[PDB]
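Undergrad: Sharing the initial chains of the complex here, in place:
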Amino acid sequence: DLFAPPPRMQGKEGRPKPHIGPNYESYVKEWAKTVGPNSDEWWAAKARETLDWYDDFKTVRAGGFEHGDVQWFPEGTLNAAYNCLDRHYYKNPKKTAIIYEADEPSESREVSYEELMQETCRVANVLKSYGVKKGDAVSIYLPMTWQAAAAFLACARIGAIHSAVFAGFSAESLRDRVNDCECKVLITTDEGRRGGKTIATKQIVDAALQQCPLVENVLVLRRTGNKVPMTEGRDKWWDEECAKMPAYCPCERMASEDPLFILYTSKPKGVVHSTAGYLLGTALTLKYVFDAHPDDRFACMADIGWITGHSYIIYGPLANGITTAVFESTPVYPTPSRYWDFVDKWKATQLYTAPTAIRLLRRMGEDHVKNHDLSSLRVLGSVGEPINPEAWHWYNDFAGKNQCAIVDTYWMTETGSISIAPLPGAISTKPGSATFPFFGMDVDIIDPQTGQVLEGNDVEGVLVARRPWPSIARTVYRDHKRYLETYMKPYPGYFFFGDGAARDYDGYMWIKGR
C-alpha cells in the first residue's frame, strides 16, 4: 500500500524534474535545514530568493508561542501585490495569471498578468478615493469570479487588510464578520452564478448592512447585470468607479509583520495573517508540495472565501508567477465531468480539490471521468478533511490514471500554508496519510492525558508544533486573548492544532482530526 513517485514526477516523458527528489532521503536532507537553531540561514536565503523586497530584513525570526509576538523578517519591507502582480507583469505581461472558468463553460477565458494588474490598480485607486488607508479593513463578499483576486490584491496593494466572507453566507454571518472587522468599505457583486443558480449577494448585503453602521462605501461588481437595489451614495458600480481611475497605482511599502488579511473561521474568529511570512510560506508550499514550475497551470477548486482559496488560488500561485485557476461553478455543473473537461480544456498541470468533491464525483459514476485525456496532470491535491482509502484510490485511478502524485495536504487557517504533506517527487505516499511536515514545520505528538511528547514511532495523541513558522497566524483580530487561549495555552511551548493525530512505524503521520 505504498505509492512511489510516478514517472511524471521523475522528470520523464518531457515533464519537469521535481524540485526535491527522488526519495525520502532528499526530503530529509532539505528539511533538516529548515528547522532547528541553525535554520535561520536557509530561511533568510529563501526569503531573499523567493520574494522581492523594497527594503532588506536583518533579523530572520523572533517571538514565540507564549505571548503571541511571532516575528519573521521584521525589518524588511515588501508588498504582496508587487510580488504577485508587478514583477511577473514586468517579466511577461501577456502571460496568463488567471484561467477564469465561468459557471457557463462558454464564458470562460484567460486573464493575463497585465489585465489583472490593471484591474487591481483600478480597484486600489477606487479604494484610496474612498479614504481607505494602510491598516484599514475592507470586507470582500464576492463569489468565485476572477475580479475577486484583483479585489484581494487591491487591498494588498494599498496596505488595506482585506477580510473575505464566503459568498452565500447568510445576512447574519456577513453582518457579524463585517461588524467585527470594523470595515468602512465592502466589495461585493450584484449577484453570483454557481451551478446554474443565482446567489442574491446584493440583497443579502443590503439585509446585513441594515445592521452594519460603520460601512459607508459599497463597491458592486456587475457580475450578472440583473437589476439589484442600489442605495444612493453608499453603493457604486465597480466598472463605473474603475473607469474613472488610472490603470496603475503605486504599491504601499509594508512592514513584514503588517497584517495582510483577516479570515473569519466558519462569535466568528478572525485569523490574522501578516505579509512576508505568509507570502513566503504559501509560495514555498505551492512550489514544493505541488512541484510548480514557471509554465505550470495550477488548478485549485476551493473557494476564495476559504484559507485554501487565499493561499493556493491567489497568493501562492501568483507569487510564483504561474497560472492559477478561478473556478466559478460546481463539480457537477452542468455535468459531473466538469473537473475533467476543465483539465482537458486548459491542460491543468496540478489539481487541488477537497475530499468532499472527490467523493461526490465518485458517487456520480465512472463514465464522467473514464474517457477524459487529462495526462497534463502531474500532482493531485486533497485538502480539508481526511480522505478515505476508497476516495483516495478513486482519485488516483481515475483523475490521475495512476500517473499522478497524490498529495494529502494537512493544514489549517491558522497555519497559513500547508503543514504536513508529501513532496510529490520524493515521498512515497500512503492512501489517507498526510506523510511528513513541510519546511519549517517541526510537528510532534503529545499525550493529552499527561501533556508529554510521545517520542518514537507508532504513537497516537494530539498534534503540536514545536516552533513558529513564517506563515503561522499572528493573532485573532482584536481578540489576542482568544488566540493565546485557543492555540498556545493548552500546551505551553507548543502550537496546538486541535487535531488528534498518529504516527505509524514508518514515521508517517495520520491525522485523526478535530
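TA: Sure, I can see it. Numbers count the residues shown, from 1 in each chain, chains lettered A, B, ... in the order given.

Undergrad: neighbours around residue A:92, how many?
TA: For residue A:92, the neighbour count with other CB atoms under 10 Å is 13. All C-beta spots, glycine's among them, are computed from the backbone N, C-alpha and C.

Undergrad: now do residue A:90
TA: So residue A:90, with other CB under 10 Å, has 12 neighbours.

Undergrad: Same check on the one 4 residues further on?
TA: Residue neighbour count, defined by other CB under 10 Å, stands at 10 for residue A:94.

Undergrad: Which of the helices or strands spans it?
TA: Per DSSP states H and E: residue A:94 is located in neither a helix nor a strand.

Undergrad: now swap in the one 5 residues further on and tell me
TA: When secondary structure is defined using DSSP H and E, the element that contains residue A:99 is strand A:96-101.

Undergrad: Please name the strands paired to that strand in the sheet, noting orientation.
TA: If you go by DSSP bridges, strand A:96-101 pairs up with strand A:109-112 (antiparallel), strand A:324-327 (parallel).

Undergrad: Pull the residues that contact the last one.
TA: Counting contacts by CB atoms under 8 Å, 6 or more residues apart in numbering, the residues outside strand A:324-327 that touch it are A:97-101, A:144-146, A:148-149, A:297-301, A:304, A:312-314, A:317-318, A:342, A:346, A:348.

Undergrad: switch the cut-off to 6 Å
TA: A:98, A:99, A:100, A:101, A:144, A:146, A:298, A:299, A:301, A:313, A:317 (CB atoms under 6 Å, 6 or more residues apart in numbering).

Undergrad: Please apply the same query to the first one.
TA: The contact list for strand A:109-112 (CB under 6 Å, 6+ apart) reads A:94, A:96, A:97, A:98, A:99, A:100, A:146.

Undergrad: wait, doesn't the third one sit right on residue A:115?
TA: No: under the criterion of CB atoms under 6 Å, residue A:97 lies out of contact with residue A:115, with a separation of 7.9 Å.

Undergrad: distance between the ends of stretch A:128-147?
TA: 18 Å (CA to CA, to the nearest Å).

Undergrad: then add chain B to what we have above:
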Amino acid sequence: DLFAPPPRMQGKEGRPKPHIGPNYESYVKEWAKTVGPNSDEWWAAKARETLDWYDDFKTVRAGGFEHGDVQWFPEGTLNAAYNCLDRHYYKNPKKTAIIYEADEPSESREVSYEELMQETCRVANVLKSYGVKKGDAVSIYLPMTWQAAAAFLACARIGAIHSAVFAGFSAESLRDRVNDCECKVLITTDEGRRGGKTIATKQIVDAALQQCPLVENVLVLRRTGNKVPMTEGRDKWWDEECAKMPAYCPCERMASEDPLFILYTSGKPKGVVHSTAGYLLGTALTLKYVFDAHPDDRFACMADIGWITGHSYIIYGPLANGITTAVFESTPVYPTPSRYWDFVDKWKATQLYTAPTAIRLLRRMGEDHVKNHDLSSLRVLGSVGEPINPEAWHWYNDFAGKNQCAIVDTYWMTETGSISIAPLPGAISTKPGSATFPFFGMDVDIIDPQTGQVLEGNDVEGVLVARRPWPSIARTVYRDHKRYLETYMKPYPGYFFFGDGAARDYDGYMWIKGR
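TA: Okay, chain B now, added to the rest:
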C-alpha cells in the same frame, strides 16, 4: 533661411560649451539612445544621475497608451522638494534660487536657496497642521510672487497634490477647479499686483468659496497689505501661521508614480495629472539640454506659474537643476515696453523663455525699447505656446539676441509635461517658425487623419502622434481617466494624440500647424 548655432552657443567668448553639439549628427547620436527598445540603459543612467533617490528603482518603464498605466522607475522613492531645494541648499545655501522681479522694479530682490527652503518648510508645516496628508489635493490661487514656488514645493514636500489656478481666473473658474480637485485647503493671496493693476484675489476667493463646501482652511499671503475680508476660522494669514512653525520640515518619501500635481486645462476643465519622478526627470533634462543650462546660469522664463510652462520651466526644471530661475510679477509693457530687456540687463539673464504673444506685443511697441540694451548675457531665446511667425521670430533674433543668441521654438503641451519638439541650441541649425526635432525619449510621427496610417518619409502633412510614452507624460485626468484615454489614446490606437496638425519637410524638420 537656416541659422547655425551662434558663437555664444559654440563655447567661445567665455561662454559654456554646449552639452550637445556642434551639429545635427551629435544630436542624432544622443537621441538614438533615448528611443527604441534599447533605450532603458540611457534612461536609467540619466534618472540616477539627475535625481536624488531615497530608494533606487528596479524597472525603468512599463505600461502604455492603451490603458493609461504608464510607469517610469516605479520602485524608486524620491521627493520633488528634496531634488529642487534640499540638495542645492546642502551644496550652497547662499546661491540664489529665485530672482523675484516684483511689479515695481525697485521691489525686486534675490531669494536664496536657504530662504526658499525655509519658507517651503514653514508652509509645509502649516499644511501638516491643517491635516493635509500624502495624496491630498491643495488648491493654489497665487499671482507671480516668489512664495508661490514655496507653496508648490511645500505640497511636494509632504506628498500633497498641488493644483495651481491661474490668478486671472474668475470666481466661477476657480470654483470649478477647486470643486473638481476636492481640495480642503486653498493657498491664496490678499491681492495681486500685475502691470500696476490690482487683482482682488481674496474677493474672488470668497465669491468662489461661497460654492466650495469642502474647503476648510485658507492660507492667505499678505502680498499688498490692503484690507481684505478674512473669515474667522477658515482664513489665516500666511506670515502668522508660518511664524509658529519650524523652518525645517522632513521630506515625505514619495513613490515615482505618486501624483506630483494636477493642472487644469484652461465643458468641465480637465485636470492633467503629473507624477513625480518621470515629470521631474523630463523637466530637468529639457531645462539642461534645450536651454543649455549650466550651474551658474540665470534662467528667465516669463510665463505664469498657473500654466504648465510655469510649472516646468519656472519652478521644477530650473530648481531641480539647482540654477537660478526668475519669477516675473509684472507685464512686458509695465512700466515701459523695455521691462524684459531692463530685467535681462539688471540680472544678467543667460536664457529667456517667453511666448510669441509677448514678443509680438513688444515688436508692435517699437524698437526704441530694445535696441539700446546690452543683453549680451543671453545665450538662448525660447518661444512657447503658439507658432511664432517669421517676422516675430526675426524680431526676437535680431533685437533681443542681437543675432548672437540661439532661438529655440519649443513645442509641447500640458499633457507632455516637458518640451517634446525643440532645437538643441548648440547642435541644431534653426529655421524660423519651426520646432525642429523631437527631444530625448520622444518618437514623434505624422499620421494621415483620413487613413490613420503613419506617413513615412519627408515632406508629409497630417496629425502629430507619439509612438511610445516618455517619462514626463501625463498619467491621467483627475478622476476622469476615461476622458484621458478618449482624448489622447483612442483616436489613434497605439499612439499618443497631440491633437496638433503638423508637417515634416524634406530636411526632416517638424512644422506644427496647430489645433
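
Undergrad: Chain B added, so what about the neighbour count of residue A:90 now?
TA: Residues near residue A:90, counting by other CB atoms under 10 Å in any protein chain shown, number 20.

Undergrad: you'd agree it is in a helix?
TA: Yes: counting by DSSP: H, G, I helix; E, B strand; the rest coil, residue A:90 is part of a helix.

Undergrad: Not counting its neighbours along the chain, what's nearest it?
TA: residue B:59 (5.2 Å; CB to CB, 6 or more residues apart in numbering or on different chains).

Undergrad: Figure out how far the longest helix belonging to chain A is from the centre of its chain.
TA: When chain A is parsed with DSSP state H, its longest helix is helix A:113-129. Using CA atoms, centre = their mean, to the nearest Å, the distance from the centre of helix A:113-129 to the centre of the chain it belongs to is 21 Å.

Undergrad: what does that helix rub up against?
TA: Helix A:113-129 is contacted from outside by A:85, A:88-89, A:93, A:95, A:97, A:150-151, A:153-154, A:157-158, A:241-242, A:245, A:247-249, B:67, B:69, using CB atoms under 6 Å, 6 or more residues apart in numbering or on different chains.

Undergrad: Tell me which residue is most central in chain A.
TA: The centroid of chain A falls nearest to residue A:311 when counting by CA atoms, centre = their mean (1.7 Å).

Undergrad: wait, that one sits on residue A:282?
TA: Yes: the pair residue A:311 / residue A:282 is scored as a contact, 4.3 Å apart, by CB under 6 Å.

Undergrad: Overlap in contacts, those two.
TA: residue A:417.

Undergrad: residues touching residue A:68, list them.
TA: By CB under 6 Å, 6+ apart, the neighbours of residue A:68 are A:475, A:480, A:483, A:484.

Undergrad: Phi, psi for the second one please.
TA: The reference is to residue A:480. phi -60, psi -30 (degrees, to the nearest 10).

Undergrad: Of all residues in the stretch 251-400 of chain A, which one is closest to chain B?
TA: Nearest residue of the stretch 251-400 of chain A to chain B: residue A:251, at 7.5 Å (CB to the nearest CB).

Undergrad: correct me, but that residue touches residue A:80?
TA: No: when contacts are counted by CB under 6 Å, residue A:251 is not listed as touching residue A:80 (9.0 Å).

Undergrad: and then chain C:
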Amino acid sequence: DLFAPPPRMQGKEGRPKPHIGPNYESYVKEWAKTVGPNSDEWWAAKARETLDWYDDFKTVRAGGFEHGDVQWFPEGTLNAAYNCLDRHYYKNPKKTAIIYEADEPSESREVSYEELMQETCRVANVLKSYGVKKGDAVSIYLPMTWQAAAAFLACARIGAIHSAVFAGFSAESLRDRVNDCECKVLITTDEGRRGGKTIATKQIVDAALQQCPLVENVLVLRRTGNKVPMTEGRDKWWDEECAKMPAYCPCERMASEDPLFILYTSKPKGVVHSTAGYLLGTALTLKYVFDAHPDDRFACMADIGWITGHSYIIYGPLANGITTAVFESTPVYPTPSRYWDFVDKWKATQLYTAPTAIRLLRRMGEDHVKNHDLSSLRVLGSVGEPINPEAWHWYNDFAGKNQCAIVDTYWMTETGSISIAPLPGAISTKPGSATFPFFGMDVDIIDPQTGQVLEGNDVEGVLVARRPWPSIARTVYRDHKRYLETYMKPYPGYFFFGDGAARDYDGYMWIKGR
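TA: Okay, chain C now, added to the rest:
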C-alpha cells in the same frame, strides 16, 4: 580641591576600562574631533555606529540658530523604539531592561527586554486602534512605574509624539499642557504611589479633561486597583485593551527630524525633540559621561516627567542596551537609606540624582549611608542645580566612599542631553564645577554688557553655544517664534542657555545659573 579619577574609574579591581581616559589630554583629543568644520566625519561615524538605521543618511548636519532649521542626518530613517527595544531584544531577550523599584521595596522586580518590548507593542497596537497616526500627539500622565517607559516607547514605535506631564501636577497644569499639545489620547493611572502616599491621578485627569475637549480616548493603567471613576467610552483599562492586542507591533520608519517628543517646561512651553539627533546625543552622553558598559545597571532617580527622566531613565540607557532603574518612591521612604538599600540590592554601577535629594539625605544624618556597601558604584551623577561644595563632599565621601567619580552634569531640556560634564575616567573634578563641554558642544562666555565673547580664562558672563549639536531642541510646539526669541535672538549666532557662568584659570566651567 582637585579629584583625579578613582581606581574604580581606572580599569582596576575588575572594573571596566573607561571609554575616554586617563587624563585631560585624551578628552581634548577626542573632543576636538566633535567640533569645528571637520567634525562631520566623527558625527557620521558615531551615528552609524550607535544607532540602527532603516535608511542611511547622506547629509550630516544643516541649518542653524538664526531661523531654527537645525537638521541632523536628514535623509536617514530610523525608529527610537527599535533602537531602544527591538535590537537589544533580538540580541538578548532575557536581559533586564528595567529594574522597577516599587514604592514598597518588596514589590520591586526586574522587567526584561522581552517583557518591555511586548508591553510597548501592546500599547502601540492599542494606540493604533485609537486612530493615533504618525505625527499625532499623545499625552502621558503617569507616575514612576515601569510601564511609563513602555508608554513613551509605544508612541515612538508608531511615530506618535508623546507629551509627558509630571505626575502630581494640578488639574490646571495638566489641562494647559493637554490643550496646548492638542492630543486626542491620554495615558494615565488610576492612582500613583509615591512616598507611601496616594496620588489621585485619575481624579485630577477627570477634573482636567472637563476642560479638554479634544481628548477622546483615555488609557488607564491599574497601578493600585482602587476604585476610580471611569467614563463610558472615553476611558478604558490598560490591561483590558492590551489583552486584545498582539504582543508585537511593526516599527514606523521615522525621518531623523521627525519630532520624537514634546516636553513642557515647568503659558507652558513645549520643547520639541526630534528622533535621530536626540537619540544619538542621549546615547553618547550615557555611554561617555557615565562610562556605561554593556552589563552596567544605570540608576537615574529623576522623574520621567522631567527631561532627565526622558534622557537618562528611558532613551539613553535603553538605546545603549543596558539596564536602567525606574524608582517609584522618594529618597526617604520608608527610611532615608532607600537610595543605598536600592544600590546594594540591585548592585547599581552608576547613580544619577539631583542635589536636592543629596542635601535632604545629608540632613537626614550619616547613619543611613555609613553602613552600606555601595561597592558596585563607579560614577555618581548630579543634575538640576549647582551642587554646594559641602553637598558634593558628602556625596563623594558617603555615597561613593571616595572611590566613585563625581560628575556634575549641566544641561537643560532644550539641549536634550548633557552639555557640560566631566568625563569620569579622564577629567579631574572640582566640587561644584561642571568642568568641560561634551562632544559636539562648543560653549563660550559672552559679556552681557557688550555682547562680545570673552576670550581666555578667568572670565564671567552668560553661557552661549557657538554651533548646533545633534540633540538640541528643534522648536517650541506651535510657538517657533517663542523658541527663536528665547534661545536665538538675545545673541545672534549663538544659542542662549540663559545661565550665567564663569570659566576659571584652568578652563573649568562654573555655572552661576539663571
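
Undergrad: and the contacts of residue A:68, now that chain C is part of it?
TA: Counted by CB under 6 Å, 6+ apart, residue A:68 has contacts A:475, A:480, A:483, A:484, C:246, C:247.

Undergrad: okay, now the fifth one: neighbour count?
TA: Close neighbours of residue C:246, defined as other CB under 10 Å, add up to 26.

Undergrad: Let me see the contact set for it.
TA: Applying CB under 6 Å, 6+ apart, the residues near residue C:246 are A:68, A:474, A:475, A:480.

Undergrad: what about 8 Å?
TA: By CB atoms under 8 Å, 6 or more residues apart in numbering or on different chains, the residues touching residue C:246 are A:68, A:69, A:272, A:474, A:475, A:480, A:483, C:121, C:122, C:125.

Undergrad: same deal with residue A:269?
TA: A:476, A:479, A:482, A:486.

Undergrad: What of residue A:272?
TA: A:161, A:259, A:261, A:262, A:473, A:474, A:475, A:476, A:477, C:246.

Undergrad: Max pairwise distance over these: which two?
TA: Within these, two members stand farthest from each other by CB to CB: A:261 and C:246, at 14.8 Å.

Undergrad: Of all residues in the stretch 101-250 of chain A, which one is closest to chain C?
TA: Closest point on the stretch 101-250 of chain A to chain C, by CB to the nearest CB, is residue A:135, at 7.0 Å.

Undergrad: Verify the contact between that residue and residue A:158 for me.
TA: No: the pair residue A:135 and residue A:158 does not pass the contact test of CB atoms under 8 Å, sitting 10.0 Å apart.

Undergrad: Who has more neighbours out of these two?
TA: The neighbour comparison of residue A:135 against residue A:158 (other CB under 10 Å) goes to residue A:158, with 25 against 16.

Undergrad: How about the contacts made by that one?
TA: Contacts of residue A:158 (CB under 8 Å, 6+ apart): A:124, A:127, A:128, A:132, A:133, A:134, A:249, A:252.

Undergrad: where does chain A come near chain C, residue by residue?
TA: In this structure, chain A approaches chain C at residues A:55, A:59, A:62-63, A:67-71, A:74-75, A:77, A:135, A:255-258, A:272, A:474-475, A:478-481, A:483, judged by CB under 8 Å from any CB of the partner chain.
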